[PDB]
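For neighbour counting, all protein chains shown are included, and Cβ atoms are generated from backbone atoms with ideal geometry for every residue, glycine included. Coordinate-derived values only; no laboratory data.
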């Protein structure tokens, strides 16, 4: 059952939608990766499959050249082409491992969103879709992650002109959680 909602934040639009992020026609989609940039869970696989094999090659080059063979640190971002995807670019990020660094993980998760949005702003890209970063069966609790995600996006869109930001959720359950949290956040502006 397809569902979405939109709320304007100054001249920006924030949308939450049930959907397959690989099919988004926003200029940018976000891949929540492992630090190698070669894998990751859930959407990562689907993104690599849908983008084609040139993506993995572009990730390997980023790893070799810009990252000097190192993992992308948690909360940072890099950008590649989208290759076969209907989106033009992929911003790749690494979300924190839930309870690895309890006192830093809220900021680190926030960083994924804020660094992605800054890049979009600097590069004058006008639309971006995020997946649910770091969530999953062995991961960050959806209720707290959703709150950090929306809070961070709302605060950024209050202070910056960006355009359209989507949160694309494959799970109806997750969408409903984002919907409640968003209502709660918009009334208490």
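A few points about this structure:
- Packing rank of 6-12, 106-112, where each peptide gets the mean count of other beta carbons within 10 Å, highest leading: 106-112, 6-12
- Per-residue [θ]222 nm for the chain (sum of -39500 (n - 2.57) over DSSP H runs n ≥ 4, rounded to 500): -12500 deg cm²/dmol
- Rounded to 10°, Cα long-axis angle of helix 142-159 versus longest principal axis of the chain: 80
- Using the alpha carbons alone, the radius of gyration of region 108-189 stands to its Kirkwood radius in an Rg to Rh ratio of 0.95.
- Translational diffusion of region 1-103, µm² s⁻¹ [Kirkwood Rh, Cα pairs; Stokes-Einstein; 4 °C; 1.567 mPa s]: 87
- Cα long-axis angle, helix 53-64 against the chain (0 to 90 degrees, to the nearest 10): 80
- Mean separation of Cα contacts under 8 Å (6+ apart) over length of the chain, as relative contact order %: 29
- Relative to the longest principal axis of the Cα atoms of the chain, the long axis of helix 172-187 lies at roughly 50 degrees.
- Cα shape, region 49-111, gyration tensor, a/c 1.5 rule: prolate
- Distance between region 1-61 and region 151-189 - C-alpha centres, whole angstrom: 16
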